[PDB]
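Below, in structure tokens: the form deposited without ligand RIT, a single chain.
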């Protein structure tokens, strides 16, 4: 089976906290995760292009070129581009990361096309090139990717990743560059037009489904809008009570974030009920000792119930327990939108099917 092992590491946020940098940032910027998903939710003043990856926790490794140069990357279902930093990246922030040197690669082919990458909070500038990408043991030849050269923000210096490998639909790829998964499929390098994610780290399984990772039967849900891995949510309940998504709503399955993210108001209510409070470094801490007294939250999808127990929605680290919930302000006309991140995936093995445009889910084993 083609397996890409994932390692769980402290987040960019945690690193910012530990260096005492987060406070100042937050005082002068207004963070809205909604900006990754809507061209309209952007920050007016965006000097931190990677702000939206504050909370990513799982990373994988890929090789690029001949012979291979390695990089740690985020396997992101909420984006579609592949990019890594160029050796030409002079910025301070590029300094202790792996960078790609095209001169060292006998298979590299330059292009004159510019890459402009944005995740809603400022842009990164670079160049597009082709090379062979080593992923899960496979050699993905003629893969177009970006080499970033301009200021990526101070956040990169503290990030546990070098770059990002997008897993969404091609419709949302900047410059229409072909995504990794599409090129693999196009070249007949994978068994089937689908992929699955298992979080313990865990693995990204390319072109397969492994029954060892779940119990029960898989439940299939159609993708409702092709672009992100977007589905229809039926409701959200907390103590038998409907707390949000009344009469249905939209949800995006996103591996590039660890948290459950939803509209500010629903969220403010949930935080209050679970006993969380916000600290200086701007986190919602909860007492670890209070876990056993919390209620489950249930998402109903296509008429099936997916409960998350407190042990699931509350993150337990070193020196702390933190809330796995976060809020965002979605645009006007946009309807209610929830984002399902690691917290959810860690409990429900997820299958991403491109052949049929559906998502499948089942309780982990």
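Positions refer to the first chain, counted from 1.
The same protein also exists as the form solved in complex with ligand RIT; that form is not shown, yet it is the one meant from here on.
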Item to check | Ligand-site call, ligand RIT overlaid in the bound PDB entry, backbone or C-beta contacts under 2.4 Å, 3+ atoms | outcome: blocked
Checklist entry - Counting only non-hydrogen atoms, which stretch in 284-292, 121-129, 239-247, 138-146 is within 4.5 Å of ligand RIT in the bound PDB entry? => result 121-129
Next on the checklist: in the bound PDB entry, does each of 76, 117 and 328 have a heavy atom within 4.5 Å of ligand RIT?
Outcome noted: yes
Next on the checklist: Taking any heavy atom pair closer than or equal to 4.5 Å as contact, tell me whether residue 258 reaches ligand RIT in the bound PDB entry.
Outcome noted: yes
Checklist entry - Is residue 51 close enough to ligand RIT in the bound PDB entry to count, meaning some heavy atom within 4.5 Å? => result no
Next on the checklist: Even though the partner isn't displayed, in the bound PDB entry is residue 297 close enough to ligand RIT, meaning a heavy atom within 4.5 Å?
Outcome noted: no
Next on the checklist: Can you tell me if residue 190 lies within 4.5 angstroms of ligand RIT in the bound PDB entry, counting non-hydrogen atoms only?
Outcome noted: no
Checklist entry - Of 198, 214, 161, 195, which residue is found within 4.5 angstroms of ligand RIT in the bound PDB entry when only non-hydrogen atoms are counted? => result 161
Next on the checklist: Under a 4.5 angstroms heavy atom criterion, identify the one residue in 252, 270, 205, 233 near ligand RIT in the bound PDB entry.
Outcome noted: 252
Checklist outcome for this item: Looking in the bound PDB entry, the residues of 124-162 with a heavy atom no more than 4.5 Å from ligand RIT, listed in order, are 155, 156, 161
